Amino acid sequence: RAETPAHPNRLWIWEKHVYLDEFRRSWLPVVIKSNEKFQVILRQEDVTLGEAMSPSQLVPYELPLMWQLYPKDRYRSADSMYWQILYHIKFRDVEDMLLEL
């Protein structure tokens, strides 16, 4: 039930639905709470999915196509916004990431 040190470097968007990193590790956004700053819980999920799909065939989105880890552990949105890392925890063979833009 503890947090995860090592953080992914990049979170490409695969599907609307699905993000992939450099460890070929699928992450899915499952909730997007909002009040000023929204927050996305990307749960690591198995796949059993494919076909790297385009922005074009994506496309209107609340979340960036890309997510780039910066020197200070902030994630930067493909559209120049910055997202704080809220946690990279794990709860019973369940590994989630919650980003707060």
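Heads up: residue numbers just count along the shown sequence, starting at 1.
Chemist: When the C-alpha temperature factors are averaged for each of 83 to 91 and 8 to 16, which stretch ends up with the higher value in the entry?
Modeler: Higher mean C-alpha B-factor: 83 to 91.
Chemist: Can you tell me whether 43 to 51 has a higher mean C-alpha B factor than 24 to 32 in this record, or the other way round?
Modeler: Mean B over CA atoms: larger for 43 to 51.
Chemist: Say you rank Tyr61, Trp67, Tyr70, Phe38 by Cα B-factor from the PDB entry; which sits at the top?
Modeler: Within the set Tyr61, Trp67, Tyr70, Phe38, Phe38 shows the top C-alpha B-factor.
Chemist: For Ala2, return the chain-relative third of its C-alpha B-factor as stated in the PDB record: lowest, middle or highest.
Modeler: CA B-factor rank for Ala2: highest third.
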